[PDB]
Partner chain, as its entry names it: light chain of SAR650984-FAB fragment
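Before any questions on how it binds or moves, here is one chain, the form deposited without its partner chain, in structure tokens.
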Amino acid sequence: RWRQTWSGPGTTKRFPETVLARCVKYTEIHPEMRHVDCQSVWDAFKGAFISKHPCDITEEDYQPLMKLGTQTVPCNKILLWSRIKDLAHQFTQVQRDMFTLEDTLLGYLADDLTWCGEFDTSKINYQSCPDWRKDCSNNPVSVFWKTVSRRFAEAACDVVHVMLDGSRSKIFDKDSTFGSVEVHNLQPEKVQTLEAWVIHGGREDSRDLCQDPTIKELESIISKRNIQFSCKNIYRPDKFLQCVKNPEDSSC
């Protein structure tokens, strides 16, 4: 108890109750998910990781949950993001111009949560969970997000948008979920353009970050997939959000 088994934070307190509650809330608000049996969803979620070694999780483990979580998303209004989720969420909340993964049942259920079990016992581990870096990448949380992010990217069509954090050292990071999963799962048959919005943090007079080497890398990767690339700087994210809320404004 002075040393834990794994290097990462343990399962979020009251995990089962939280997931169940989020599912009830989601299905009450969103009419197309109004029929989903939230007990069945919890049962499937549990089944993915309980009694399993938390370094031996596979995408197959989550297939029952994926099935129950089946959901149509407007394919042309998807917003992806990397390392900038708060702005992405504040943006979509104004008038639902776009949808992030957290606007789907499954993304909503898991957002900000951590979970894992133990091999050959049905107990949730509230003490520690595997860290992706130090322990193992095939852990319940990591495998969940890769699985759901892949399916989300596969559903996209027309123009897909991505918000990137321009204050980061690597504005586009090939090791992120966006860069390692979503970019490679957009379907060129369906997706016309990927448009990146590079969000400035250098506050109030800055460079053209669409010329950043990592952005040029992203452009190259997506161009070679037969998808067009566009990029825009958002210099003042505060002004941006205000203009979204009230486009009837002088600077907007």
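Numbering follows the first chain given and starts at 1.
The following text describes the form deposited with its partner chain bound, which does not appear among the structures shown.
- A residue is said to contact a partner when one of its heavy atoms sits within 4.5 Å of a partner heavy atom; residue 75 meets this definition for its partner chain in the entry with it bound.
- Contact annotation: residue 213 falls outside 4.5 Å of its partner chain in the entry with it bound, judged by heavy atom distances.
- A residue is said to contact a partner when one of its heavy atoms sits within 4.5 Å of a partner heavy atom; residue 217 fails this definition for its partner chain in the entry with it bound, lying far away.
- Contact annotation: residue 32 falls within 4.5 Å of its partner chain in the entry with it bound, judged by heavy atom distances.
- Scanning 160 to 196 for heavy atoms within 4.5 Å of its partner chain in the entry with it bound gives just one residue, 190.
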